[PDB]
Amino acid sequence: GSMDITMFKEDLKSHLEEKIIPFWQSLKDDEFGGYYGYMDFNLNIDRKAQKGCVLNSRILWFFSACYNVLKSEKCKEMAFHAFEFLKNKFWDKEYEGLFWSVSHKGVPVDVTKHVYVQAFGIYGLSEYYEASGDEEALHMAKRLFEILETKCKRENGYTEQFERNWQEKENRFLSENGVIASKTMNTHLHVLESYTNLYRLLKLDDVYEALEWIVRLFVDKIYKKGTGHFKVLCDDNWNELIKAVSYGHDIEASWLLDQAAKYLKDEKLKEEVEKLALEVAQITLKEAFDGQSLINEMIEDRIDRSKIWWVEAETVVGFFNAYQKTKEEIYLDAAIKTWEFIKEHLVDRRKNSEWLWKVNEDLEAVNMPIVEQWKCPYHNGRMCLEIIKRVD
């Protein structure tokens, strides 16, 4: 470590404690349970907004992880609140697994079962089990794992969307021209992430075998060799629908794969993953880091240079991870520069706010919600928590 790294860590911990945690605490829905589902750009909460399961599981994960790292008893209480809503409203008492979305009162809105949702369920529940010791949470996590492996898994990866009763259907994720993507790297990335967390807490051989399997899939099918990029949206055989690169998902994958690699008993696979993770970091830095921040994506030859909150959060973690593995200061420099960028342009300076969704290529704020089914405390919360865990 170093003075810069120490001050960096102190800065993130202060930010987490004084900005992020109090904000998400304010979203607690004491009327019907869970957390309110929407807050607009002008900081107005829609109490009656539909509640997405991914958002609730991400809040569950976040407050659970805050307790596990910071030992905040209030955070544990907030996790409990999210867990109660998960157990009571999102968990399907007939067919098991987690609904996609419910009304603000908990009435099912979309009962279909997506692997993306089940994975975040495992991630959040496993983290909550660590925080609370609640064996009910562990039971549900284990059951979600069982269902993914026995009902959803195929030879090429996971079929991603199902009817409520686990009969397979076509996926809901589309290309920018409206074509259904049967395999998506982001669904499979969150399966890897949740299985890592599960195995960390529950060292079952069954979970180990599944974790190695999905790591192998990333190495053999999803990564595009030597390019530093993963496939994004694919057909059922991992052929790309469109030549597209998601720089945020690349750099996120780099450090999540590196993390999974730590648990691998297969030393050949382990060194392959570690090399892969490093190549992604190197190429992300060269291609996507503009000296200040990371750009978003490139579709064919069309580059989106908007600065998106979660992309910048994952860049900080991924470049810091690259620094730790290489001791090359250029990665550390990039991580800290990205964090100063976030502080200057994405952290909202209004009262009772949090992070902005994005600024455009010229760094002007765009009207987007502060809280939505897809905007959570998970990417930015985890950025802070990761640095805190990594720095002694």
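Residues carry their position along the shown sequence, with the first being 1.
A.B. asks: Averaging the C-alpha B factors as listed in the entry, name the stretch that ends up higher: 263-271 or 310-318.
C.D. replies: For C-alpha atoms only, the mean B-factor is higher in 263-271.
A.B. asks: Which wins on mean Cα temperature factor, 272-280 or 110-118?
C.D. replies: The recorded data point to 272-280.
A.B. asks: Between 301, 235, 92, 127, let me know which has the highest C-alpha B-factor in the entry?
C.D. replies: Of the options given, 301 has the highest CA B-factor in the PDB entry.
A.B. asks: Which of these has the highest Cα B-factor in the record: 64, 56, 50, 353?
C.D. replies: Top of the list by C-alpha B-factor: 353.
A.B. asks: Give the position of residue 13 by CA B-factor within its chain, expressed as the lowest, middle or highest third.
C.D. replies: For residue 13, the deposited C-alpha B-factor lands in the middle third.
A.B. asks: Comparing residue 41 with the other modelled residues of its chain, is its CA B-factor in the lowest, middle or highest third?
C.D. replies: Middle third.
A.B. asks: Can you tell me which third, lowest, middle or highest, the CA B-factor of residue 387 falls into for its chain?
C.D. replies: CA B-factor rank for residue 387: middle third.
A.B. asks: Please place residue 323 in the lowest, middle or highest third of its chain by C-alpha B factor as given in the entry.
C.D. replies: Top third by C-alpha B-factor.
A.B. asks: Select lowest, middle or highest to describe the third in which the CA B-factor of residue 179 falls within its chain in this entry.
C.D. replies: Its C-alpha B-factor, which the entry lists for residue 179, ranks in the middle third among residues of this chain.
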